[PDB]
Each structure stands twice: as C-alpha cells, then as structure tokens.
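To start, the structure itself, in structure tokens.
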Amino acid sequence: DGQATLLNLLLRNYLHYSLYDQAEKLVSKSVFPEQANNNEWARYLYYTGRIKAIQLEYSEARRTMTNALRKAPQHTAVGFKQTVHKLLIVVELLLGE
Amino acid sequence: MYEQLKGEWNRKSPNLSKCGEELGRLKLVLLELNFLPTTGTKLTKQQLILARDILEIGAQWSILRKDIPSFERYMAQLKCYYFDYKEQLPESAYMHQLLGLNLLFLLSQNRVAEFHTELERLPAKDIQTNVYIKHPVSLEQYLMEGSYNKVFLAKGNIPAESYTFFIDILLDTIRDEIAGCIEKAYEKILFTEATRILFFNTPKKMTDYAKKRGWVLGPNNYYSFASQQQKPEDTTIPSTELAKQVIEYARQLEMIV
Amino acid sequence: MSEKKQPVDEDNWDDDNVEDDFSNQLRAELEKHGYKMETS
Amino acid sequence: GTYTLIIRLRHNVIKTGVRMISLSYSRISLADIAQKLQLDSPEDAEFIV
Amino acid sequence: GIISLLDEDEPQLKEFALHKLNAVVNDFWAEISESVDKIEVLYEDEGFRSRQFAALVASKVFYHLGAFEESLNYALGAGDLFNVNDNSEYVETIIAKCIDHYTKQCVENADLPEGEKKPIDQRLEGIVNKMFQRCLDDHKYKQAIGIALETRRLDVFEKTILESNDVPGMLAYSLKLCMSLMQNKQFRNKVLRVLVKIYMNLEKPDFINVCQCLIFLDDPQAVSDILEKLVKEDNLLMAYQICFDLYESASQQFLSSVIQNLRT
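Written out as structure tokens, the structure is:
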C-alpha cells in the first residue's frame, strides 16, 4: 500500500513533465504492488500505458490499456475513462487495426 | 571576474593550443563554483549565463573537431542547464540550433525512441512555429515512409547551418538503404536507372555496390537472383513445437493446479 | 466506494459501419447516372 | 497533448493506402497510384511502394 | 547529467563528481540506477583519492535494486568513509545484510571451521563485535544474551557472563532459555561443557546445573571430581542434591559407569 500509491503518485507529473523514470519504471521492482485494490492497480496500468505510448507503442501495451479500461468502476467516463478510451485506440491507430 | 576567454572564441582556433587552456579553464570554473544549478542566489547568474555560453560554444566546436563522445557530455550538460526552471534566457540565437542539432545528430545515431523522447519539451515549436526544428522532425518523418528524393532535397535544403557531419551520416545510412533497395524483385535494370537513383554519373561506386552485392555488371544488365525458394514446407518444426504445445494443453487440463 | 478522482473534468452499429465505408460517398445518387448517360 | 503522437499517423495512412490498392488492383501502373493517393510524384511512389 | 564527465582521466573530476553523489542521490539516483556502473573501474584502478567514496554510493544505488550482495561487498571494501555514520535509515540496511551473511556463513563455519574459513574483510567481523559492543553499552542484555547465541561463537558468550549486567539469573537461566530452543547436540555440548566449569569457578558453585548438565553431557568423571570436592569439603547436606538428582535423572548405564570413578 506504499508500494502501491507512491508509484503512480510518483508518475503523475513525470508524465506531465519529462523525467527519465520510464526506464526507471522498467528497472523498478515495485511494478507489482500485489493486488492494489482495483483503483491504484487499475489506473496504474494506464499510467504505465502512456509510458510506452510516448516510448513508441509496438502493440505491447494495448492489452494493458484494454486491461486498465476493463478494470474501471461505475463512476463516469469524464473522470479518466474518456482519456483511456481515447489513447487506447490512438495506439491501435498507430498499429493499423 | 575570471574571464580569460573573450579573445579567441569567435575567431577560428580549430584544435589550436587554446583548447587545453579551455578545458583546464573549465576546471578553473569547477574550482570556483559548482555547476550544480545554484538554487539560491538568483542574482548570481555569471556562473550560469556566461559559463553556460562557454559550455555551449565548447559543445559547438566539438563537432568542428568531430569529437563524438565528448559532444554528448557537453550537450548533455547543456540540456541539464535548460532543465532549470530558474528565470534565464528562455532561449537564445542557439537553443533551437543546438537542441535540434542534438535532435539531428541523435537522429543520425539511429536511436528513434530517444528521438521521440526528446520531443517532450518543445510543444508549440513543432509545426505552428520554429521552422528550424520543424525541419528535422519533418525530415525524419520523411525517412519513415519511402520519401527519398525529398530527403535528398532537404539534404542541401538546410536552412539552419552547416549540419554537414550529420547529413553525411545521413548520406550513408541511406546509401546502404538504396544498396538494399536494389535487392528487391526487379527486372533487368540498365546502366542508367539505378546508376542515377543515388547521386552519381558513372564512377566505380556502381562497381563498389555491384561487386559488394549482386545485380552484377553485365550487358547493360543488373542480375535478378530473386529465388526465395528454400524456406517453406516445414512440418517437423511444427511436429516438435506442437508436440510441446499439445502436452502443454494436457498439463492444464487434467492435472490439478 | 468508487471514489474516482478527477484529472479531466442494435440501433446504432450497422448504420455506423454503413457510415464506416459510406460516411460521405455521393449521398444522393439520383442524377450522376443521367450525367453519365451522355458522357459514357 | 496527444498531438506529438497524432503527427506520425501519415505512415499508417499510407500503409492503409498501399494495402488497400495492393489488395484491390492486381496489375496497376505506378503512374496511377500516386495520382489516386495524391502523392504528386511517381518517382518516389516507386520508393514508398 | 554529471555522469557524463566520467571520461576525464584527471583524478580530480572523479572527486568532483563524487562530491555530488551523496546529497543528490535521490533524484537522478533513478538516472544512474542501471545505466552507468563505472564505480569498479576507478575502484579497481590505480587512481587513488577515489575508490574510497565510490563503493559507498555503489552500496547505496545497488542496495535498493536488489543487489544486496553487491552493496554488501562494496559495503565491505568501501572503507572508513562507509561505517563512519550510524545515524540514518541505512545502518539498519547494512547490518541486516552483514550480520545475516556473517552468521549464515558461520553456520557452515560451525560445521567446518578447519579449512576454507572466511576471508573476513576486516569489518565483516569488526561491526559484528563492534555493534555487539553497542548492544553491551546500550544496557540491553536480553538481546546481548541472544546475538551471543546467534554468532555461533562460544567465548564471547563466555565473555558476557561478566559484563555491565550482573549474575543473579543470567548465565544460569540462559540455559533454561537454551535447552528449549536448543537445536542439535553439536552446538549444545560445547557451550554446555564450557559454561559449567566457570560455574564451578563461580563464587557459590550451583549443584543442580552441574548435575543436570553432566547427565545432559555424559562426563562420568567430572561429577566424581566435584563429588570428591564435596568429600574433601565434607558436607553431605550439599553433597545431597548433586546426588539424588543424579540417581533420579541418571540412567543405569550412567550410574554403573560413574560408579568406577566414584569408588576410585
């Protein structure tokens, strides 16, 4: 639970900014927070999805964009589900399908 | 104010006996004040604007001497200086023609993930303004598809500066690309068409490539060995891999997990 | 439950695939044929 | 801020074009395909293809 | 970004770089986390004035990345600059590896000490007995009784029978604490035989521990020796519980073997 929150909370301005922590997030051990309660675990897959988006989607992360979409609750779409619904097939337009 | 530099920096001293005094002079900058970004004392800029301009001209003649491994040390520390949020020059007469110069050498480095990871600092400067940085990204954008002739138009159609060391790496890394593009299923090409697809009239560079690869020198002839024959009709490699996979089905079918 | 923070703020599909191939291709075919009777 | 990813789609558009026409026509001149794809240049329409 | 100036070949810019490796070792710590590991280059180099500080910060960056043995070895060879501080959240990191690899090596050394023993890097035991002296000087001896077992070293446990703590139940009850969680016979019998002679060299020699230990220990002559000390001492009121706990808890083979040393 410190393994969980302190990594998306680490991420959210690194994405917003431009730090090198993406390969840091490759070599990070805490890429698993081990069943982080379907909120941090759910959005975490999106926050690591835009990582390989800006580092050149090779069809690797559309399954985890899709996974981040299918792990999201019954709240609304304009929170972030609009944004994952956008980027999720942005990258499929990068593929061709 | 410990300047020592302001006489032979603009007049050309290409690898003369200025450069060792310049490097130990930068050591004298290190003994005075660290290039740690000096978070306090914002009024003290002489360690930042002046010494940074020293470090970017020291970046600048590094391509003039063609010192590649030190060049990214200089330019990397420059990018670490524009990493600072402290109110500085927002840019200069150099920041486009140096950051995008790093984008153009880095593009010649054939590291495209780093080519796109470096674009997360200058947004609006992409298309809506800053044509001198629009030129490398539209350039490599043309290198993405089969835009070749437009790339060799850009080659020369450089508006910014020389960029010669970069467009010669670019002159090569496309020489092997055409030198592969002859190797597709084509007809007998005469000694004019593929002779003029690059930028040559008749040197023995067509003998360099015609003896390097096939499409051999013939009776106005380039030879097509479009064989592509041997590789199909493999059952045994599926008769091993599928022999793995079917057992892998049987493991997670009856054996309790 | 469902805290969900704010960083940002049939009947429909076969017609949508008709819009996929056929979003805007000549719309009202009624006179183009009669404009090709004299040219073709 | 997706614009830096939107900008690279022209590669994928021309892949859609060459897959579409290469699937549709069998024996087609290169002096037609740049004209239908509004590429303005057959001489590198050899090269994209 | 400061990692870029590791090609100077002047042994002062390496020192100027390691000026900036201890305070800013959290932000571009992530940068030089896996990318550059030229610590061992200058560390094994003939270039001195570095190799001292560098294995410290290698023992910082390789720590969090799961290379606990890499930070353990560079923790060993890092020098006086390494162990100069114990005022962070990092002495806890290095003792939990060094005492660990110490004593889990010393179980194998408890098997075979003779030959192929430890090449101690001069603090691999130095902070064992040093932090042990911290446990002695920090007034705690319910733990200093414990790590003295954990080190698999006998004479330092023999040293802690005379310490800043006194001996009312200590080094007497410690044996009740050891008979329960006592693992085998091989580590039991040596400690058991080494404590009960200084129990005889104690001011008042206890008798139930030296009877009970010796029937736990199979020494059918030493109880005839201290039994001879009670014949010479001439009091059968204290030559009593040494003898009827001996009959009560001893066996027929043990009494029929000790009868030769008792009648002689």
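Respectively, the protein sequence lines represent chains W, V, H, C and U.
Take any residue in the first sequence, note its place counting from 1, add 244, and you have its number in the deposited numbering.
Mapping the second sequence onto the deposited numbering, position 174 (from 1) lands on 174, and the numbers just tick up by one.
The deposited numbering puts the third sequence at residues 1 to 9, 40 to 70.
Take any residue in the fourth sequence, note its place counting from 1, add 389, and you have its number in the deposited numbering.
Take any residue in the fifth sequence, note its place counting from 1, add 6, and you have its number in the deposited numbering.
Beta carbons are placed, not taken as given, at the ideal position from N, Cα and C, and that holds for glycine.
#1: Give, in chain order, every residue of the stretch 283 to 302 of chain W whose Cβ lies closer than 9 Å to some Cβ of chain C.
#2: Are three or more beta carbon pairs between the stretch 164 to 178 of chain V and the stretch 145 to 155 of chain V nearer than 8 Å?
#3: In angstroms, rounded to a whole number, what distance separates the CA positions of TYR186(V) and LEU426(C)?
#4: Please classify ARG57(U) as buried or exposed, where buried requires at least 16 neighbouring CB atoms within 10 angstroms.
#5: Could you check what DSSP says for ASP421(C) in three-state terms: helix, strand or coil?
#6: Mind listing the chain C neighbours of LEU119(V)? Cutoff is C-beta to C-beta under 7 Å, in chain order.
#7: So what does DSSP say about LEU107(V), is it helix, strand or coil?
#8: Do we get a CB-CB distance below 8 Å when we pair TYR264(W) with the residues of chain U?
#9: Assuming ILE167(U) contacts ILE204(U) under a Cβ cut-off of 8 Å, what Cβ separation, rounded to an integer in Å, is found between them?
#10: Name the chain U residues that come within less than 8 Å of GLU72(V), Cβ to Cβ?
#11: When the Cα of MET137(U) is compared with those of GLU169(U), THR270(U), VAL97(U), which residue comes out closest?
#12: Whose Cβ in chain U lies nearer than 8 Å to the Cβ of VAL271(W)?
#13: Which runs of the alpha helix (DSSP H), 4 residues or longer, sit entirely within the stretch 126 to 164 of chain U?
#14: In chain order, what residues of the stretch 139 to 173 of chain V put their CB closer than 8 Å to some CB of chain C?
#15: Compile a chain-ordered list of the residues in the stretch 89 to 105 of chain U whose CB is closer than 9 Å to at least one CB of chain W.
#16: Out of curiosity, what's the CA-to-CA distance linking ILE38(U) and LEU27(U)?
#17: Leaving out the 5 sequence neighbours to the left and right, which residues in its chain are closer than 7 Å to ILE214(U) when beta-carbon positions are compared?
#18: Which chain V residues are close to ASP433(C), counting only those with a beta carbon under 8 Å from its beta carbon?
#19: So, using beta-carbon positions, are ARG213(V) and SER10(U) closer together than 8 Å?
#20: If we cut at 8 Å on Cβ distances, does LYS148(U) have a partner in chain V?
#21: Would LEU87(U) and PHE54(U) qualify as a contact pair, given that the criterion is a beta-carbon distance under 8 Å?
#22: Leaving aside the five residues before and after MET176(U) along the sequence, list all residues of the same chain whose C-beta is less than 8 Å from its C-beta, in chain order.
#23: Along chain U, in chain order, which residues have C-beta atoms closer than 7 Å to that of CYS80(V)?
#24: Please classify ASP433(C): does DSSP put it in a helix, a strand, or coil?
#25: Could you tell me the boundaries of the alpha helix (DSSP H) in which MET67(H) lies?
#26: To which residues of the same chain is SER2(H) closer than 7 Å at the C-beta, ignoring the five residues directly before and after it?
#27: When you compare only the Cα positions, how much space is there between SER239(V) and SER227(V)?
#28: Taking all protein chains shown into account, decide if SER41(U) is buried (16 or more other Cβ within 10 angstroms of its Cβ) or exposed.
#29: Closest to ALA256(U) by C-alpha separation, out of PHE222(U), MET244(U), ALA245(U), would be which residue?
#30: If you check the beta carbons only, do residue 342(W) and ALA312(W) fall under 8 Å apart?
#31: I'd like the ranges of any alpha helix (DSSP H) spanning at least 4 consecutive residues and lying wholly in the stretch 216 to 241 of chain U.
#32: Let me know if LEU201(U) comes out buried or exposed under the rule of 16 or more other beta-carbons within 10 Å of its beta-carbon.
#33: So, does the stretch 108 to 125 of chain U touch the stretch 63 to 76 of chain U, judging by three or more C-beta pairs under 8 Å?
#34: With distances taken between CB atoms, is the gap from residue 188(W) to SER272(W) smaller than 8 Å?
#35: Closer than 8 Å, Cβ to any Cβ of chain V: which residues of the stretch 397 to 425 of chain C, in chain order?
#36: Starting from the beta carbon of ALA36(U), find every residue of chain W whose beta carbon is closer than 8 Å, and list them in chain order.
On the basis of the coordinates in this document:
#1: So the list reads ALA297, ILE298, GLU301, given in the order they occur along the chain.
#2: They touch, by the three-pair rule.
#3: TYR186(V) and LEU426(C): Cα-Cα distance of roughly 23 Å.
#4: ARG57(U) should be labelled buried.
#5: Reduced to three states, the DSSP call for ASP421(C) is helix.
#6: For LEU119(V), the chain C residues whose Cβ falls inside 7 Å of its Cβ are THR393, in order along the chain.
#7: Reduced to three states, the DSSP call for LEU107(V) is helix.
#8: Closer than 8 Å: yes.
#9: Right, their Cβ atoms sit about 6 Å apart.
#10: Under the 8 Å cutoff, chain U gives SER10.
#11: Relative to the Cα of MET137(U), the nearest Cα in the group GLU169(U), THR270(U), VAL97(U) belongs to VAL97(U).
#12: Residues of chain U passing the Cβ test: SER39, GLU40, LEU71.
#13: Within the stretch 126 to 164 of chain U, complete alpha helix (DSSP H) segments of at least 4 residues are found at 132 to 143, 150 to 156, given in chain order.
#14: Those residues of the stretch 139 to 173 of chain V that come within reach of chain C (Cβ to Cβ, closer than 8 Å) are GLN141, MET144, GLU145, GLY146, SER147, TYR148, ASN149, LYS150.
#15: Flagged: no residues at all.
#16: Answer to the nearest angstrom: the Cα atoms are 10 Å apart.
#17: Closer than 7 Å at Cβ, skipping near neighbours: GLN247, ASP251.
#18: From the beta-carbon of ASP433(C), the residues of chain V found nearer than 8 Å are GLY146, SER147, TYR148, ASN149, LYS150.
#19: In this structure, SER10(U) does not lie closer than 8 Å to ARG213(V) by Cβ.
#20: At a cut-off of 8 Å between beta carbons, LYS148(U) makes no contact with chain V.
#21: Contact flag unset, no.
#22: The answer, listed in chain order, is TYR147, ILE151, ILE167.
#23: Within 7 Å Cβ-Cβ: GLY7.
#24: Residue state, collapsed to three classes: helix.
#25: Careful: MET67(H) lies outside any alpha helix (DSSP H) and carries neither H nor E.
#26: Same-chain partners within the cutoff: there are none.
#27: Approximately 27 Å, taken between the alpha carbons.
#28: Around the beta carbon of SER41(U), fewer than 16 other beta carbons lie within 10 angstroms, which makes this residue exposed.
#29: Ranking the options by Cα distance to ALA256(U), first place goes to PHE222(U).
#30: Examination of residue 342(W) is not possible in this model, given that chain W is present from 245 through 341 alone.
#31: The stretch 216 to 241 of chain U contains these whole alpha helix (DSSP H) runs: 228 to 239.
#32: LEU201(U) comes out buried.
#33: No, the stretch 108 to 125 of chain U is not in contact with the stretch 63 to 76 of chain U.
#34: Lying outside 245 to 341, the shown extent of chain W, residue 188(W) is not represented and no answer is given.
#35: Within the stretch 397 to 425 of chain C, the residues whose Cβ lies closer than 8 Å to some Cβ of chain V are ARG397, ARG399, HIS400, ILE403, listed in chain order.
#36: Chain W residues near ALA36(U): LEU263, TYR264, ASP265, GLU268.
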